[PDB]
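In the block that follows, a single chain appears as structure tokens, in the form solved without the DNA.
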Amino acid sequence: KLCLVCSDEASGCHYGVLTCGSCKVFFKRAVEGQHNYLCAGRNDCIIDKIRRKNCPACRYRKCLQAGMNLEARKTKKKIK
């Protein structure tokens, strides 16, 4: 039911894991601009619906932690 990064209701399977549409596009836009996200804190920001925008670094590390990857979407559009 819930996005694995930010805990809002999931929308589907994107880049291998169950996510909302918002984290789908964050991650898409992150790997396309290869952004230098750094965390001003101690890498322990809460990532939830209200706070996810506060620290793209910490939200980025969560997608990785939850196992998103560009490898999944490439292969899934080739299988199709």
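Residue numbers here begin at 1 and follow the sequence given. The term rigid core refers to the maximal set of C-alpha atoms that superpose within 1.5 Å between the two forms.
Take 36-44 and 23-31, fit the other structures onto the shown form by the rigid core, and average the C-alpha distances in 8 other deposited structures of this protein: the farther stretch is 36-44.
Here 32-40 and 51-59 are compared by their mean Cα B-factor, and 32-40 comes out higher. In this entry, 68-76 has the higher mean Cα B-factor, the comparison being between 68-76 and 12-20.
FYI, the form solved in complex with the DNA isn't displayed, but the following is about it.
By the criterion of a heavy atom within 4.5 Å, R59 is counted among the residues contacting the DNA in the entry with it bound. Residue contact check for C13: one or more of its heavy atoms lie within 4.5 Å of the DNA in the entry with it bound. When the DNA is considered in the entry with it bound, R29 lines it closely, a heavy atom lying within 4.5 Å. Within 4.5 Å of any heavy atom of the DNA in the entry with it bound lies no heavy atom of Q65. Residues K49, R52, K53, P56, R59 are the ones in 43-67 with at least one heavy atom within 4.5 Å of the DNA in the entry with it bound, listed in sequence order.
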